[PDB]
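In what follows, a single structure is set out as structure tokens and then discussed.
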Amino acid sequence: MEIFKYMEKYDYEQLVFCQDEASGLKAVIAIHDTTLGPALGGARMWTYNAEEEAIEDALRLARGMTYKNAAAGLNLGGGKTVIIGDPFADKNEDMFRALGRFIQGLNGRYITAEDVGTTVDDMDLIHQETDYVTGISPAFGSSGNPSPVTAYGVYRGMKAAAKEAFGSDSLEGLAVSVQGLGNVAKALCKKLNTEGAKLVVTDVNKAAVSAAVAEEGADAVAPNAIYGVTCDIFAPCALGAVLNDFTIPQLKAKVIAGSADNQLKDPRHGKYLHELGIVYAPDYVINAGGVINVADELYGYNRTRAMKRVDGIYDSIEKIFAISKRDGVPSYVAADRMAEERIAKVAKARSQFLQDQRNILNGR
Amino acid sequence: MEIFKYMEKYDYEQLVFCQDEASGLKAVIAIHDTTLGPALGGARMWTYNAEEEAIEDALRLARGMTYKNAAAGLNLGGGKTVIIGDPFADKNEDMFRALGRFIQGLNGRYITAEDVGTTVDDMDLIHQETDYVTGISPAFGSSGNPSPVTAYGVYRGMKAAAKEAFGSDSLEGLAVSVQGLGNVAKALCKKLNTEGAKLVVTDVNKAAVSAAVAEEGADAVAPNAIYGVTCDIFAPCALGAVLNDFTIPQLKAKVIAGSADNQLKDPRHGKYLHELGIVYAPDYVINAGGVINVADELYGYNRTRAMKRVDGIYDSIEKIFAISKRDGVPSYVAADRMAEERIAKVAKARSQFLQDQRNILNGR
Amino acid sequence: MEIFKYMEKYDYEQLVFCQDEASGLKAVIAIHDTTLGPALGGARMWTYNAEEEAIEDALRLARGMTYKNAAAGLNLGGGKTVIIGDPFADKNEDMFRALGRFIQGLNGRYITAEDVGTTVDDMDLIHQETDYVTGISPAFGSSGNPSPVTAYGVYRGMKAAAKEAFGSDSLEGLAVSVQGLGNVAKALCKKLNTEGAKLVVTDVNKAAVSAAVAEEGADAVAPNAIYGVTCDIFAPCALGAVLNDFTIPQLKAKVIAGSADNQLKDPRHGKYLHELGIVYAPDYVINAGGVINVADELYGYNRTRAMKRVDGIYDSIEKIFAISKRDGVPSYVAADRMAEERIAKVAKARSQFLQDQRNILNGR
Amino acid sequence: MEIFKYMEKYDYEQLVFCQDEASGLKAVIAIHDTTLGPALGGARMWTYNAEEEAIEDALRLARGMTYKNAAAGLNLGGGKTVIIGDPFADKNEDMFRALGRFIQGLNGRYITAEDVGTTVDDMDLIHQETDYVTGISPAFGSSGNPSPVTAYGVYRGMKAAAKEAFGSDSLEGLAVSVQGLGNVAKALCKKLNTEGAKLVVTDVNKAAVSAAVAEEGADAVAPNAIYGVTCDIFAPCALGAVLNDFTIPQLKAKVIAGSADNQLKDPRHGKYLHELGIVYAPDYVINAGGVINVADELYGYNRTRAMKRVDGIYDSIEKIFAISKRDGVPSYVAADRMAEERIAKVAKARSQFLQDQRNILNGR
Amino acid sequence: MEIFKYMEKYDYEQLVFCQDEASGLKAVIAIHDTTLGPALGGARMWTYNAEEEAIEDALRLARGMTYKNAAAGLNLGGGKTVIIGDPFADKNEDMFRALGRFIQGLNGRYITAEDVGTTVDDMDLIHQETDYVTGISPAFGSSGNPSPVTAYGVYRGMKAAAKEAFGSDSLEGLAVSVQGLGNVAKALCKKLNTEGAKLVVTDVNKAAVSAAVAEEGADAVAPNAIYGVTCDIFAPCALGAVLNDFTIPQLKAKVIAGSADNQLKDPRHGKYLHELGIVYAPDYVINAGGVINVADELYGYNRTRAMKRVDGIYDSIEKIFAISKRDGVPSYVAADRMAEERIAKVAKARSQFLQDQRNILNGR
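Residue numbers (the authors' numbering), protein chains in the order written: chain A, 1 to 364; chain A', 1 to 364; chain B, 1 to 364; chain B', 1 to 364; chain A'', 1 to 364. A prime marks a further copy of an entry chain.
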């Protein structure tokens, strides 16, 4: 692979390879952009095919964080850590202690968190060496179940969509398909009922269908029948790539708004959607409640404040619709634009010299 | 006595003699190892036969703390203070004020706590001169009854043992002998019932037998009949040296797991046990909940966090079994090994230069 | 190229890729080992056809600094920067400002300095963004002319060298071949002249040849027969690999001692020079007077002190010798050992916890 | 040996045993009294057959520093380090790094310096780990040559001495025996020559004898008759205990004033010298010019200031005299008193609370 | 008046006259002793006969605080502020703002509080200029009603007395006269009933008698009949000087233990009491709960901790009895002795140098 080429292509700032033979640590820290502030991104641990593959994931994921964080209204840049190994067999204390030290060695340019393959336990180990790690506060632990906060954001983003589709933000009367009944989906449903909305639902797990059904009086369909349903809104809240060539054409819904990651199988599908006239609330923006929530910890965790932050998703989605017309582009595309514009505008308007600039670190 | 010889033998770092004629202070501070962090060890006050005896106790106890703290997963070294005198007649304010100053004079290399012969009152006096003392926080005072936390750790260590012996960690159905019904034993029993375990118990004190019996429907035996009992697990939760030549051979239990200190009368007994095939969860590891609990204070006391720390005893015991096979050694021996390996591995993996390393002091 | 594989092979700490599109910055910071202290290593700027080339060089050079700094008795680790680009044509202000920022972002884990392709002007720009740069102090510039010192270093190493070969340590009488007559070489000559020694000298630069002949009654020989001459000592002070298959046999002298880098083409040669009975003073040890000089600045430059540091070369060379007849190993092999031994020994002996450890940064 | 017993007897503050197996470090730091300020005392390295020997010496020497520093008018207490080992053969880098760390770990309660067995090179290594070391400043080295100063100190003390004996304070005319002709002695002589005084001198080193004779028109006598000579003043500047049963009777002079330590073999002698009517200028007071010199460095060395501090010796000697005819006590006894009186008086008068007290550390 | 004479007599440290014409401020700050720590004393504002009178009160009151604070076990010295003026007509903002500044100007040597003639409002004004003022915390305000804490201390001191008189600390069965039914008395009564003690009581105010009577079933007597009552303990909890020539001889009680200030009309009465064999718990020691309570604020107000502090009064009174025999002196006298001894002993045992001594300021 040609690192420098990839880096210049998208103007990445840094790529950091950390190694500790003693503990078996092999990690790649990717820092794409810190224009808005320190880079924040999870640490994922996984078995990797090829070194190149690992490097590529890191790069790719850090750039994504840049976008997500910007669009979420946060004052943070995009970064990501990828640790090469079997999360089920290779972990040890020592390795997270070394990693923590390398992070401390970046002095605030990068802030980590839990992700695929790592836990709060791991984070606690990292935390013995640096404060640049989030999601470990006792305050966050007590009142910080990501779940509800994410769900709250999808909900809010949903309202903006309805308004754009239908003309109003009341979900009262609307029929909504909910694909997947996880912790998030659960809560979203709640939010929905409470509003006077009708639920159609499915999940690979029965028990899940039941709780949801019992609780909120939902109509449970089979997993494959989810797309066909005659309803107003489709909430993909499970796996990604559910929006594709088979499914798209079966869609009865006018609005797509769910918590799942990477909903589209290809950009193409994004354009398809646009051509069909289905209102799509870009996944990365709408499901951001989770990042926004860990980021509040940096200020001294306040549930209530976090929620309020999350509340801005409505405004972000709304603005996304507006950019869409402004340039006659598909939603997914506008998401990117908004992010990009935010970085550029905020930066220009912060170019004045200050001897004591203030930043999200808050002492750390 | 030949101090330097003893010191080199085991590679002690320091031996500190503190004296203040005015107050009558005579104290010995022993610091065995600080590879993992500041040395933490109680201050014991006692009447001493010979100076040499005092010195020997200090040395001996500090080395023990090194092991205990390491095996407990803490980032602390081993130290101990021995004060020569009658705890019942020789104490005065002035002496603890001088001691406190000497401690402050070690600047964080050593952290004290209450132990045999000293109280929270004494600690408060030390605390007027230094912050390197633990167990005195108002937070710790409020929600920090060592008892439950220790008991919780024995309980957890017990589960690891059962699993190793029996094949599963459910104590449901198991019969358990509980020698001693102290504050800790009390709680352990609780934990047990709540799990669906059967209790056989004894204590020199009737009242104790009664409360336990009444409360949890236990079968009370006489003190001397404790060893003979037909049960699965023996929990020595009183005095030490209960595992010996008389008792061992009477054992019906397959698992030994209690809160008492220094269970074995000799290493020999440890080997005996091994030969008999009785699963022994080394005392110092399994009863560590108490140290782990005071150590959390250093982070700003959090009961819930402490418990979670304590939870790792399960993992430590488990690992102890594994080392046992790996080297075909008795449990007691593996405990030491694990500790030792932890020190060495953690150290290697922290050898990278940092201009602002972070440590357990947390400002202090 | 398998980075993690090479890193692991020698246990490299970090590999840092820095990129700045706007400025065209492409650099690689390699940090081999920081056991003894922050990594000190020059920044070089050079043209690279393949990324891999640059990456390898960085890795390679950083590892060398580890050895050089250690052996030199310094409390610094090994690092190096490689800037990909045409020094003659590619430089700009902006690129050095960016690099300076990345370096500040490593917070003292890495200190830079001038090298191939870079000038004090470049370092000055870096200096606007960080204090982690050396060789830029006003005093340094006023009194640390590298040449003079490095020269001094080769001299002393030469004497300790005569010692083992030519019984005594006086240069008196002695006939010395001086291959290469750049600045460092001149001085070596001045020092060599002013001691009662005679010099056969060579070079590609005619002028240069004259200056020496004039200045010091030296016989100018043909650039390609220098090896051949019958001299007491051969001082390679130009290009590398001069010690190979051809020249080695062609060699007369009993001692090898010059300023050049990578004098040996292969270890093989080091190994050959050995049986031969020729006393080869290791390049990296003997020519270290310049690092040492720049390192002093870290304490507030003092030509005097610096010079005194340099003197130590003699003893170092000396020590290399003994380690040779201690394991019966080649000179070049013993340099390595002496270095690795110092690292380990010093690391063990600093394993004690301190809350306010002192380090070379001297509050930088 | 009963440590606590000896400690209590003189109220020693601390006795610190430091050990580092890897380096072979075995040292004892004794801290007698820190009432006036941090303990200042040299570090000596010497061979010891018995631990007890070393322990005793440490204790002994530290107590002496208490007296010396006090009497000298300094705001420093008394301490001393004893490193057990062969200075000629046992030294290494690692051992001094370790010791340096232990010293840093005492946080200013103890300041070190060169002594028997140690060099400025040793102190430099200590210096890499702590600022609690003296006699290593570049300026000190540039302008605080101990000899010159100590010499100066003995001189002045000599004059205040003539004063009480030989009415005036002029050295003019005066015939002086100079036992021992090392550096300090030479100077004493230079100063003594350049004042109109005549010198009968001795030594074991022939060369030395010549230098003085030449340089200053001095009569060289036999090493064993020096006591005998008819001189005005006897200046013992070599070994100790020269004042004993044999020599005392054998003595002619009216004044005793040299640089040597432990001039008296026993107090008994001090007591004897007394009735005799011989004016004995206490060793520790009169030869203190070197401590004073090294102490100045604590403020940022100033030869001038240092020198001026030294002048005070005259007055101190003077004062010792008065305290003599004030209690009708021997010279040597009055030195002690003057010291203890200063400690107490100064301590009482500084008993007022201050939140930001000033101390000699001068932010070290 | 002769200030210096009075000052030397008792060794006062300082007398500070503060003036501000603009606001009309005239204040005298008296600092008697700060051996134990900063001086703490209330600010009293009153109309003063003569300047000399004011000065005399200040002096006199500061010395008293020295004793009280020492005997209470606090690490504080004695001071007092006297402001010349009509508390009912002369106060203004400006004057307390100036005073606050002068206090800040003493930098921690003196800490103020409310007293006769000043309020929390006044303290708040002082607090805008300095932190050296106590009793104004929101925490203290919430849970800091002096009342109960003082009462708790009298209660505890009472138990020590009973034990000395009667042989046991149970007040169960005892009859107790309570002179005065203020907020403190109220609570004390409570404490008493709750213990199974019998109450005899009186107060100039009916309502008071009633509440007490109703609540705790007390026997209310007339004010003048208080002394005659046939009971075990007399608790003077109102005005002082109640112990005199008339009253003393009427006493039926064996123990005197109340909250009132300056119980004795003359020392003489103290001796009388002693001769009569009535056990007297010195007022200033026993009623100290109030000072102890404000002093806890300095640590960050903790009600529970304060109470525990207060608990030591028992121990202080107890010790007072012991000194009484030890020297065959009256109680009142021993109180003073204890205080004095505490100052002297604590000071001696804190004479060791520390570069970073810790103190009650806690940052302030």
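By construction, the Cβ of each residue, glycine as well, lies at the ideal position given by its N, Cα and C atoms.
Whole-Å CB distance - residue i paired with residue j, under 8 Å assumed
{"i": "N302 of chain B", "j": "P138 of chain B'", "result": "6 Å"}
{"i": "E53 of chain A'", "j": "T34 of chain A'", "result": "The pair is not a contact, with the Cβ atoms about 25 Å apart (cut-off 8 Å)."}
{"i": "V221 of chain B'", "j": "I256 of chain B'", "result": "No, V221 of chain B' and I256 of chain B' are not in contact; Cβ-Cβ is about 17 Å, not under 8 Å."}
{"i": "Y284 of chain A''", "j": "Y67 of chain A''", "result": "7 Å"}
{"i": "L264 of chain A", "j": "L243 of chain A", "result": "5 Å"}
Beta-carbon proximity check, residue i vs residue j, cutoff 8 Å
{"i": "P87 of chain B'", "j": "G117 of chain B'", "result": "yes"}
{"i": "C189 of chain A", "j": "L199 of chain A", "result": "yes"}
{"i": "residue 393 of chain A'", "j": "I3 of chain B'", "result": "As shown, chain A' starts at 1 and ends at 364. That puts residue 393 of chain A' outside it, with no answer to give."}
{"i": "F17 of chain A''", "j": "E164 of chain A''", "result": "no"}
{"i": "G144 of chain A'", "j": "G312 of chain A'", "result": "no"}
{"i": "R97 of chain A", "j": "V346 of chain A'", "result": "yes"}
{"i": "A288 of chain A", "j": "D296 of chain A", "result": "no"}
Neighbourhood of residue i by C-beta, 7 Å cutoff - its chain only, sequence neighbours within 5 removed
{"i": "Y110 of chain A''", "result": "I29, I31, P38, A39, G79, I103 and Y132"}
{"i": "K254 of chain A''", "result": "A165, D232, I278 and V279"}
{"i": "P148 of chain A'", "result": "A187"}
{"i": "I226 of chain A", "result": "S177, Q179 and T202"}
Alpha-carbon to alpha-carbon, residue j and residue i
{"i": "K319 of chain A''", "j": "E215 of chain A''", "result": "35 Å"}
{"i": "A335 of chain A'", "j": "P267 of chain A'", "result": "13 Å"}
{"i": "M7 of chain B'", "j": "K186 of chain B'", "result": "40 Å"}
{"i": "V209 of chain B'", "j": "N75 of chain B'", "result": "39 Å"}
{"i": "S170 of chain B", "j": "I55 of chain A'", "result": "57 Å"}
{"i": "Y314 of chain A''", "j": "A160 of chain A''", "result": "5 Å"}
{"i": "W46 of chain B'", "j": "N183 of chain B'", "result": "23 Å"}
{"i": "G41 of chain B", "j": "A62 of chain B", "result": "7 Å"}
{"i": "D122 of chain B'", "j": "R44 of chain B", "result": "37 Å"}
Beta-carbon proximity list for residue i, same chain, < 6 Å, skipping 5 on both sides
{"i": "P330 of chain B'", "result": "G270, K271 and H274"}
{"i": "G290 of chain A''", "result": "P146 and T150"}
{"i": "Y332 of chain B'", "result": "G270 and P282"}
{"i": "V213 of chain A", "result": "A220"}
Cut-off 8 Å between Cβ atoms - residues of its own chain near residue i, not counting five sequence neighbours on either side
{"i": "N362 of chain A", "result": "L298, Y299 and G300"}
Using a Cβ-Cβ cut-off of less than 7 Å, list which residues of the stretch 3-25 of chain A approach chain B; keep chain order.
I3, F4, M7, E8, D11, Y12, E13, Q14, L15, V16, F17, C18, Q19 and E21
Under 7 Å (Cβ pairs) to chain B', residues found in the stretch 37-63 of chain A'
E51
The stretch 78-99 of chain A': positions lying closer than 9 Å to chain A'' by Cβ:
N92, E93, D94, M95, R97 and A98
May I ask you to list, following chain order, the residues of the stretch 342-361 of chain B' that have a beta carbon less than 9 Å from some beta carbon of chain A''?
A347, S351, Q352, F353, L354, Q355, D356, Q357, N359 and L361
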